[PDB]
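Participant: I'm passing along query-v8.cif; it holds mmCIF, C-alpha atoms; chains and numbers go by the auth columns.
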```
data_entry
#
loop_
_atom_site.group_PDB
_atom_site.id
_atom_site.type_symbol
_atom_site.label_atom_id
_atom_site.label_comp_id
_atom_site.label_asym_id
_atom_site.label_seq_id
_atom_site.Cartn_x
_atom_site.Cartn_y
_atom_site.Cartn_z
_atom_site.B_iso_or_equiv
_atom_site.auth_seq_id
_atom_site.auth_asym_id
ATOM 1 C CA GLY A 1 0.000 0.000 0.000 0.00 1 D
ATOM 2 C CA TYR A 2 0.873 3.676 -0.143 0.00 2 D
ATOM 3 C CA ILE A 3 1.937 5.359 3.067 0.00 3 D
ATOM 4 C CA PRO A 4 0.556 8.482 4.699 0.00 4 D
ATOM 5 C CA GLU A 5 2.375 11.753 5.316 0.00 5 D
ATOM 6 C CA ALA A 6 4.897 11.894 8.128 0.00 6 D
ATOM 7 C CA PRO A 7 4.231 14.190 11.063 0.00 7 D
ATOM 8 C CA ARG A 8 4.801 17.871 10.207 0.00 8 D
ATOM 9 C CA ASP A 9 6.522 18.902 13.406 0.00 9 D
ATOM 10 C CA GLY A 10 9.910 20.357 12.473 0.00 10 D
ATOM 11 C CA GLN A 11 11.657 16.976 12.550 0.00 11 D
ATOM 12 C CA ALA A 12 12.968 14.678 9.839 0.00 12 D
ATOM 13 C CA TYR A 13 11.600 11.163 9.566 0.00 13 D
ATOM 14 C CA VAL A 14 12.772 7.862 8.130 0.00 14 D
ATOM 15 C CA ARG A 15 10.666 4.749 7.439 0.00 15 D
ATOM 16 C CA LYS A 16 10.960 1.692 9.690 0.00 16 D
ATOM 17 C CA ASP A 17 8.619 -1.156 10.595 0.00 17 D
ATOM 18 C CA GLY A 18 5.595 0.477 8.971 0.00 18 D
ATOM 19 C CA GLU A 19 6.066 3.755 10.836 0.00 19 D
ATOM 20 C CA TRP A 20 7.718 7.127 10.513 0.00 20 D
ATOM 21 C CA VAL A 21 10.578 7.235 13.011 0.00 21 D
ATOM 22 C CA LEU A 22 12.661 10.285 13.945 0.00 22 D
ATOM 23 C CA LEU A 23 15.950 10.514 12.094 0.00 23 D
ATOM 24 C CA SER A 24 17.446 11.915 15.294 0.00 24 D
ATOM 25 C CA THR A 25 16.978 8.586 17.025 0.00 25 D
ATOM 26 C CA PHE A 26 19.691 7.173 14.716 0.00 26 D
ATOM 27 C CA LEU A 27 22.009 10.221 14.882 0.00 27 D
ATOM 28 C CA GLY B 1 -2.454 12.410 2.603 0.00 1 Y
ATOM 29 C CA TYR B 2 -0.341 10.113 0.466 0.00 2 Y
ATOM 30 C CA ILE B 3 3.191 11.313 -0.376 0.00 3 Y
ATOM 31 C CA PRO B 4 4.599 12.134 -3.842 0.00 4 Y
ATOM 32 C CA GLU B 5 7.796 10.448 -4.992 0.00 5 Y
ATOM 33 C CA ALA B 6 11.071 12.043 -3.877 0.00 6 Y
ATOM 34 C CA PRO B 7 13.340 13.597 -6.504 0.00 7 Y
ATOM 35 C CA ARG B 8 15.006 10.984 -8.710 0.00 8 Y
ATOM 36 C CA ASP B 9 18.382 12.738 -8.600 0.00 9 Y
ATOM 37 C CA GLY B 10 20.524 9.989 -7.065 0.00 10 Y
ATOM 38 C CA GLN B 11 20.428 11.588 -3.595 0.00 11 Y
ATOM 39 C CA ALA B 12 18.899 10.246 -0.377 0.00 12 Y
ATOM 40 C CA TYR B 13 15.896 12.027 1.118 0.00 13 Y
ATOM 41 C CA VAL B 14 14.105 12.131 4.447 0.00 14 Y
ATOM 42 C CA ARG B 15 10.571 13.410 5.065 0.00 15 Y
ATOM 43 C CA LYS B 16 10.212 16.677 7.001 0.00 16 Y
ATOM 44 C CA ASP B 17 7.364 19.182 7.284 0.00 17 Y
ATOM 45 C CA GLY B 18 5.563 17.847 4.197 0.00 18 Y
ATOM 46 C CA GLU B 19 8.676 17.960 2.008 0.00 19 Y
ATOM 47 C CA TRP B 20 11.585 15.810 0.897 0.00 20 Y
ATOM 48 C CA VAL B 21 14.777 17.137 2.405 0.00 21 Y
ATOM 49 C CA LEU B 22 18.255 15.846 1.672 0.00 22 Y
ATOM 50 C CA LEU B 23 19.539 13.397 4.279 0.00 23 Y
ATOM 51 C CA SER B 24 22.938 15.092 3.898 0.00 24 Y
ATOM 52 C CA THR B 25 21.465 18.267 5.464 0.00 25 Y
ATOM 53 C CA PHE B 26 21.425 16.469 8.826 0.00 26 Y
ATOM 54 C CA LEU B 27 24.563 14.274 8.660 0.00 27 Y
ATOM 55 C CA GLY C 1 2.929 8.717 -8.189 0.00 1 T
ATOM 56 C CA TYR C 2 2.912 7.839 -4.502 0.00 2 T
ATOM 57 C CA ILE C 3 5.428 6.293 -2.072 0.00 3 T
ATOM 58 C CA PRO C 4 4.818 2.593 -1.177 0.00 4 T
ATOM 59 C CA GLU C 5 5.608 0.951 2.126 0.00 5 T
ATOM 60 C CA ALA C 6 9.269 0.175 2.904 0.00 6 T
ATOM 61 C CA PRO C 7 10.482 -3.230 4.070 0.00 7 T
ATOM 62 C CA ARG C 8 9.342 -4.121 7.605 0.00 8 T
ATOM 63 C CA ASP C 9 12.499 -5.721 8.861 0.00 9 T
ATOM 64 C CA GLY C 10 13.652 -3.634 11.809 0.00 10 T
ATOM 65 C CA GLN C 11 15.919 -1.470 9.651 0.00 11 T
ATOM 66 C CA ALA C 12 15.461 2.210 8.812 0.00 12 T
ATOM 67 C CA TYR C 13 15.048 3.332 5.204 0.00 13 T
ATOM 68 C CA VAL C 14 15.416 6.561 3.275 0.00 14 T
ATOM 69 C CA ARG C 15 14.192 7.407 -0.215 0.00 15 T
ATOM 70 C CA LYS C 16 16.515 7.458 -3.240 0.00 16 T
ATOM 71 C CA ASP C 17 15.729 7.128 -6.965 0.00 17 T
ATOM 72 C CA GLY C 18 12.286 5.672 -6.470 0.00 18 T
ATOM 73 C CA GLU C 19 13.437 3.042 -3.970 0.00 19 T
ATOM 74 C CA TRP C 20 13.872 2.545 -0.267 0.00 20 T
ATOM 75 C CA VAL C 21 17.537 2.249 0.688 0.00 21 T
ATOM 76 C CA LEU C 22 19.104 1.534 4.049 0.00 22 T
ATOM 77 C CA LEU C 23 19.909 4.482 6.263 0.00 23 T
ATOM 78 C CA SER C 24 22.871 2.555 7.716 0.00 24 T
ATOM 79 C CA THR C 25 24.928 3.084 4.507 0.00 25 T
ATOM 80 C CA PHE C 26 25.065 6.777 5.285 0.00 26 T
ATOM 81 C CA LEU C 27 25.804 6.543 9.010 0.00 27 T
#
```
Now, as a test, write the supplied structure out as structure tokens.
Facilitator:
Amino acid sequence: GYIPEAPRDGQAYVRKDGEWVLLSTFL
Amino acid sequence: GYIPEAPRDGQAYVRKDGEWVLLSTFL
Amino acid sequence: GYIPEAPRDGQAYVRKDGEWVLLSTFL
């Protein structure tokens, strides 16, 4: 399926396990 | 909503504030 | 067109040239 927009909250997101996850978690 | 394709310019993108932003911005 | 779901495999993905690619390459 196609995935919905990531949160629009000033943060960058990456895709993991069917969810948008904060890039900062990996940095 | 659903999300348009990122640029097909050979660069990696993350999703931020309803836009595709270069991953390199944050590395 | 629209973005499809990434693999659901415990790894983080970013978008490049119409595909999902591993974030870990870049870190």
Participant: May I have the residues within 12 Å of segment 6-9 of chain D as a tab-separated table (two decimals) with C-alpha atoms, keeping the file's coordinate frame, using all atoms listed in the file and disregarding those fewer than 3 positions away in the same chain?
Facilitator:
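New file out14.tsv:
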```tsv
chain	number	residue	atom	x	y	z
D	3	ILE	CA	1.94	5.36	3.07
D	12	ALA	CA	12.97	14.68	9.84
D	13	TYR	CA	11.60	11.16	9.57
D	14	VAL	CA	12.77	7.86	8.13
D	15	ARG	CA	10.67	4.75	7.44
D	16	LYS	CA	10.96	1.69	9.69
D	18	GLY	CA	5.60	0.48	8.97
D	19	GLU	CA	6.07	3.76	10.84
D	20	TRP	CA	7.72	7.13	10.51
D	21	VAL	CA	10.58	7.24	13.01
D	22	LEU	CA	12.66	10.28	13.94
D	23	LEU	CA	15.95	10.51	12.09
Y	1	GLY	CA	-2.45	12.41	2.60
Y	2	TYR	CA	-0.34	10.11	0.47
Y	3	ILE	CA	3.19	11.31	-0.38
Y	4	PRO	CA	4.60	12.13	-3.84
Y	14	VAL	CA	14.10	12.13	4.45
Y	15	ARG	CA	10.57	13.41	5.07
Y	16	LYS	CA	10.21	16.68	7.00
Y	17	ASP	CA	7.36	19.18	7.28
Y	18	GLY	CA	5.56	17.85	4.20
Y	19	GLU	CA	8.68	17.96	2.01
Y	20	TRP	CA	11.58	15.81	0.90
T	3	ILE	CA	5.43	6.29	-2.07
```
Participant: Suppose you want the space between atom CA of residue 5 of chain D and atom CA of residue 26 of chain T; what is it in Å?
Facilitator: 23.2 Å
Participant: Calculate, to one decimal in Å, the centre and edge lengths of the box along x, y and z of the file that holds all listed atoms of segment 2-19 of chain T with 4 Å of margin on each side, and present them as JSON.
Facilitator:
```
{"center_x": 9.7, "center_y": 1.1, "center_z": 2.4, "size_x": 21.6, "size_y": 21.6, "size_z": 26.8}
```
Participant: Would you mind aligning chain Y to chain D, a least-squares fit over all C-alpha atoms taken in order, and returning the superposed chain as a short mmCIF file (atom, residue, chain, number, x, y, z; two decimals) with C-alpha atoms, keeping the file's coordinate frame?
Facilitator:
```cif
data_model
loop_
_atom_site.label_atom_id
_atom_site.label_comp_id
_atom_site.auth_asym_id
_atom_site.auth_seq_id
_atom_site.Cartn_x
_atom_site.Cartn_y
_atom_site.Cartn_z
CA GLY Y 1 0.43 -0.05 0.44
CA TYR Y 2 0.89 3.67 -0.03
CA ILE Y 3 2.35 5.61 2.92
CA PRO Y 4 0.64 8.36 4.97
CA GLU Y 5 2.37 11.72 5.38
CA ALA Y 6 4.94 11.99 8.17
CA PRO Y 7 4.21 14.28 11.12
CA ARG Y 8 4.41 17.96 10.16
CA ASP Y 9 6.30 18.90 13.33
CA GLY Y 10 9.48 20.34 11.82
CA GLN Y 11 11.47 17.15 12.48
CA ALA Y 12 13.05 14.75 9.98
CA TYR Y 13 11.67 11.22 9.68
CA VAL Y 14 12.81 7.91 8.25
CA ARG Y 15 10.58 4.93 7.43
CA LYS Y 16 10.90 1.84 9.64
CA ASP Y 17 8.59 -1.11 10.26
CA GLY Y 18 5.55 0.65 8.79
CA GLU Y 19 6.04 3.80 10.86
CA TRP Y 20 7.72 7.19 10.73
CA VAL Y 21 10.58 7.28 13.19
CA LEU Y 22 12.70 10.31 13.99
CA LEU Y 23 15.99 10.40 12.10
CA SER Y 24 17.57 11.72 15.32
CA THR Y 25 16.91 8.31 16.96
CA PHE Y 26 19.70 6.85 14.81
CA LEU Y 27 22.21 9.74 14.58
#
```
Participant: Some atoms are missing, so please complete segment 1-26 of chain T with N, CA and C atoms and return it as a PDB file, in the frame of the given file.
Facilitator:
```pdb
ATOM      1  N   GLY T   1       3.479   9.841  -8.994  1.00  0.00           N
ATOM      2  CA  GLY T   1       2.929   8.717  -8.189  1.00  0.00           C
ATOM      3  C   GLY T   1       3.214   8.845  -6.708  1.00  0.00           C
ATOM      4  N   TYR T   2       2.796   7.839  -5.951  1.00  0.00           N
ATOM      5  CA  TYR T   2       2.912   7.839  -4.502  1.00  0.00           C
ATOM      6  C   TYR T   2       3.983   6.858  -4.004  1.00  0.00           C
ATOM      7  N   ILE T   3       4.436   7.107  -2.781  1.00  0.00           N
ATOM      8  CA  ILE T   3       5.428   6.293  -2.072  1.00  0.00           C
ATOM      9  C   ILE T   3       4.776   5.020  -1.506  1.00  0.00           C
ATOM     10  N   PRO T   4       5.310   3.818  -1.807  1.00  0.00           N
ATOM     11  CA  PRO T   4       4.818   2.593  -1.177  1.00  0.00           C
ATOM     12  C   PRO T   4       5.506   2.326   0.146  1.00  0.00           C
ATOM     13  N   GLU T   5       4.998   1.348   0.875  1.00  0.00           N
ATOM     14  CA  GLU T   5       5.608   0.951   2.126  1.00  0.00           C
ATOM     15  C   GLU T   5       7.031   0.414   1.907  1.00  0.00           C
ATOM     16  N   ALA T   6       7.911   0.711   2.862  1.00  0.00           N
ATOM     17  CA  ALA T   6       9.269   0.175   2.904  1.00  0.00           C
ATOM     18  C   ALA T   6       9.280  -1.241   3.482  1.00  0.00           C
ATOM     19  N   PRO T   7      10.410  -1.948   3.374  1.00  0.00           N
ATOM     20  CA  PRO T   7      10.482  -3.230   4.070  1.00  0.00           C
ATOM     21  C   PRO T   7      10.192  -3.057   5.559  1.00  0.00           C
ATOM     22  N   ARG T   8       9.643  -4.102   6.173  1.00  0.00           N
ATOM     23  CA  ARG T   8       9.342  -4.121   7.605  1.00  0.00           C
ATOM     24  C   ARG T   8      10.212  -5.190   8.220  1.00  0.00           C
ATOM     25  N   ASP T   9      11.436  -4.791   8.510  1.00  0.00           N
ATOM     26  CA  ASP T   9      12.499  -5.721   8.861  1.00  0.00           C
ATOM     27  C   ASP T   9      13.372  -5.206   9.988  1.00  0.00           C
ATOM     28  N   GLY T  10      12.897  -4.195  10.715  1.00  0.00           N
ATOM     29  CA  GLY T  10      13.652  -3.634  11.809  1.00  0.00           C
ATOM     30  C   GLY T  10      14.734  -2.652  11.423  1.00  0.00           C
ATOM     31  N   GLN T  11      14.914  -2.414  10.123  1.00  0.00           N
ATOM     32  CA  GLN T  11      15.919  -1.470   9.651  1.00  0.00           C
ATOM     33  C   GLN T  11      15.230  -0.199   9.162  1.00  0.00           C
ATOM     34  N   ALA T  12      15.933   0.912   9.287  1.00  0.00           N
ATOM     35  CA  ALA T  12      15.461   2.210   8.812  1.00  0.00           C
ATOM     36  C   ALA T  12      15.837   2.443   7.352  1.00  0.00           C
ATOM     37  N   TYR T  13      14.913   3.058   6.625  1.00  0.00           N
ATOM     38  CA  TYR T  13      15.048   3.332   5.204  1.00  0.00           C
ATOM     39  C   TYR T  13      14.836   4.804   4.889  1.00  0.00           C
ATOM     40  N   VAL T  14      15.565   5.245   3.872  1.00  0.00           N
ATOM     41  CA  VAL T  14      15.416   6.561   3.275  1.00  0.00           C
ATOM     42  C   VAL T  14      15.129   6.404   1.791  1.00  0.00           C
ATOM     43  N   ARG T  15      14.696   7.487   1.149  1.00  0.00           N
ATOM     44  CA  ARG T  15      14.192   7.407  -0.215  1.00  0.00           C
ATOM     45  C   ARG T  15      15.230   7.911  -1.210  1.00  0.00           C
ATOM     46  N   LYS T  16      15.539   7.103  -2.219  1.00  0.00           N
ATOM     47  CA  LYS T  16      16.515   7.458  -3.240  1.00  0.00           C
ATOM     48  C   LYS T  16      16.129   6.809  -4.554  1.00  0.00           C
ATOM     49  N   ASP T  17      16.038   7.615  -5.611  1.00  0.00           N
ATOM     50  CA  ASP T  17      15.729   7.128  -6.965  1.00  0.00           C
ATOM     51  C   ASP T  17      14.588   6.128  -7.023  1.00  0.00           C
ATOM     52  N   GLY T  18      13.487   6.475  -6.374  1.00  0.00           N
ATOM     53  CA  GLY T  18      12.286   5.672  -6.470  1.00  0.00           C
ATOM     54  C   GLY T  18      12.359   4.359  -5.719  1.00  0.00           C
ATOM     55  N   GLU T  19      13.290   4.245  -4.775  1.00  0.00           N
ATOM     56  CA  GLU T  19      13.437   3.042  -3.970  1.00  0.00           C
ATOM     57  C   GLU T  19      13.716   3.422  -2.525  1.00  0.00           C
ATOM     58  N   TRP T  20      13.468   2.459  -1.654  1.00  0.00           N
ATOM     59  CA  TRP T  20      13.872   2.545  -0.267  1.00  0.00           C
ATOM     60  C   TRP T  20      15.251   1.926  -0.105  1.00  0.00           C
ATOM     61  N   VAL T  21      16.164   2.695   0.473  1.00  0.00           N
ATOM     62  CA  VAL T  21      17.537   2.249   0.688  1.00  0.00           C
ATOM     63  C   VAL T  21      17.893   2.384   2.155  1.00  0.00           C
ATOM     64  N   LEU T  22      18.805   1.560   2.631  1.00  0.00           N
ATOM     65  CA  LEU T  22      19.104   1.534   4.049  1.00  0.00           C
ATOM     66  C   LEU T  22      19.740   2.837   4.492  1.00  0.00           C
ATOM     67  N   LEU T  23      19.261   3.364   5.612  1.00  0.00           N
ATOM     68  CA  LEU T  23      19.909   4.482   6.263  1.00  0.00           C
ATOM     69  C   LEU T  23      21.338   4.157   6.700  1.00  0.00           C
ATOM     70  N   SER T  24      21.578   2.922   7.129  1.00  0.00           N
ATOM     71  CA  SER T  24      22.871   2.555   7.716  1.00  0.00           C
ATOM     72  C   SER T  24      24.064   2.810   6.782  1.00  0.00           C
ATOM     73  N   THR T  25      23.860   2.758   5.465  1.00  0.00           N
ATOM     74  CA  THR T  25      24.928   3.084   4.507  1.00  0.00           C
ATOM     75  C   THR T  25      25.535   4.437   4.800  1.00  0.00           C
ATOM     76  N   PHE T  26      24.672   5.386   5.141  1.00  0.00           N
ATOM     77  CA  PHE T  26      25.065   6.777   5.285  1.00  0.00           C
ATOM     78  C   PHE T  26      25.613   7.128   6.659  1.00  0.00           C
TER      79      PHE T  26
END
```
